[PDB]
Amino acid sequence: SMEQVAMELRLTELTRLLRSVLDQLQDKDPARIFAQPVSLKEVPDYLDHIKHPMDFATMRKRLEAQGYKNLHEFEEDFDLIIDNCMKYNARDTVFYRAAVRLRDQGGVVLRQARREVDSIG
């Protein structure tokens, strides 16, 4: 049916938008603290702390398999990255402060993202 391909054309362009959004978000992490998952060999207790780990690589894997049906879901994962970071790492840490920086800067990008998603459809 054509009624699936327009949803897929919506999903597609959503993806095409969200790829730009991700690139912009990852650019706000020049330190690359959030690019790859946490190691469970380096941090073997991690999953005792963080129940839903997230990172840009994983976000990107999902993205390119069109795993995001809307912006909300994408925001949810972006939020995890920040949120997980801010929980695991204490407040005086570089890690923690990198999260906050990324949040504040990311939110700008997501503010306009939300606008474009509604504006296009």
Side-chain angles (χ1 to χ4, degrees), residues 1-2 4-6 8 11-15 17-40 42-60 62-68 70-110 112-119 121:
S1 88
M2 188 100 178
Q4 299 311 313
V5 176
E8 286 162 25
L11 184 50
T12 297
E13 284 305 295
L14 183 64
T15 316
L17 186 148
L18 288 184
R19 187 174 304 123
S20 205
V21 171
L22 198 52
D23 289 326
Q24 295 175 69
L25 290 172
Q26 198 150 15
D27 287 327
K28 310 311 180 164
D29 183 32
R32 294 186 81 76
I33 290 164
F34 306 110
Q36 296 302 307
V38 165
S39 165
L40 299 175
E42 299 173 21
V43 197
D45 69 348
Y46 197 61
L47 300 197
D48 299 274
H49 301 272
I50 300 311
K51 295 285 150 210
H52 296 91
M54 192 49 59
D55 64 87
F56 291 130
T58 309
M59 280 198 74
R60 196 171 298 281
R62 181 165 172 179
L63 181 62
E64 302 292 342
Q66 313 210 332
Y68 295 113
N70 59 39
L71 175 58
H72 190 76
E73 290 168 11
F74 178 86
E75 279 170 332
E76 280 201 309
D77 278 16
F78 175 65
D79 280 335
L80 281 172
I81 292 167
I82 294 303
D83 289 329
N84 302 322
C85 191
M86 295 179 79
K87 289 169 188 66
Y88 191 81
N89 307 116
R91 180 169 43 261
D92 73 318
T93 66
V94 61
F95 294 110
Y96 185 105
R97 295 163 176 274
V100 169
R101 288 168 67 76
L102 176 49
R103 189 200 55 201
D104 290 7
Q105 295 184 287
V108 169
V109 176
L110 285 164
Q112 193 48 40
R114 165 55 70 200
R115 289 204 69 87
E116 289 166 314
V117 168
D118 294 343
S119 179

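Throughout, numbering of the chain's residues begins at 1 and tracks the sequence. What you see below is based on every heavy atom in this structure, not just the backbone, and it leaves out hydrogens, waters and symmetry mates.
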Self-check item: Side-chain donor/acceptor of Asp55 to backbone N/O of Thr58, under 3.5 Å
Solution: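 Checking the backbone N and O of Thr58 against the side chain of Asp55, a donor-acceptor pair under 3.5 Å is found.
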Quiz item: Any sub-3.5 Å donor-acceptor pair from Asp29's side-chain atoms to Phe34's backbone N or O?
Solution: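 Yes, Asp29 side chain to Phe34 backbone: donor-acceptor pair under 3.5 Å.
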Which pair of non-hydrogen atoms, one from [X] and one from [Y], has the smallest distance, and what is that distance?
X      : Y     : result
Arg91  : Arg97 : O-NE, 3.2 Å
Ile82  : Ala99 : CD1-O, 3.1 Å
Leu47  : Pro53 : CD2-CG, 3.4 Å
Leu102 : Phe78 : O-CZ, 3.7 Å
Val117 : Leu17 : CG2-CD2, 3.7 Å
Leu110 : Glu75 : CD2-CG, 3.7 Å

Distance from [X] atom [atom1] to [Y] atom [atom2], nearest 0.5 Å?
X     : Y      : atom1 : atom2 : result
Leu71 : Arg115 : CG    : CZ    : 13.0 Å
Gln4  : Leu11  : CD    : CG    : 11.0 Å
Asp79 : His72  : CG    : NE2   : 9.0 Å
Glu8  : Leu14  : CD    : CG    : 13.0 Å

Within-4.5 Å side-chain heavy-atom neighbours: [X] and [Y]:
X     : Y     : value
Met54 : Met59 : yes
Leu22 : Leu63 : yes
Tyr46 : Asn84 : yes
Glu73 : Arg62 : yes
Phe74 : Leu25 : yes

Quiz item: Out of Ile33, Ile81, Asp77, which one pairs with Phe56 under the side-chain contact (heavy atoms from CB on, under 4.5 Å) rule?
Solution: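 The side-chain contact (heavy atoms from CB on, under 4.5 Å) with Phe56 is passed solely by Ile81 among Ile33, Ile81, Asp77.
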Quiz prompt | salt_bridge(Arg19, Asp23) N-O dist < 4.0 Å | solution =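 Here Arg19 does not pair with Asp23 in a salt bridge, since their nearest N and O are not under 4.0 Å apart.
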Quiz item: Within a radius of less than 6.0 Å around OH of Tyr88, do more than 12 heavy atoms belonging to other residues, nucleotides or ligands occur?
Solution: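 Enclosed.
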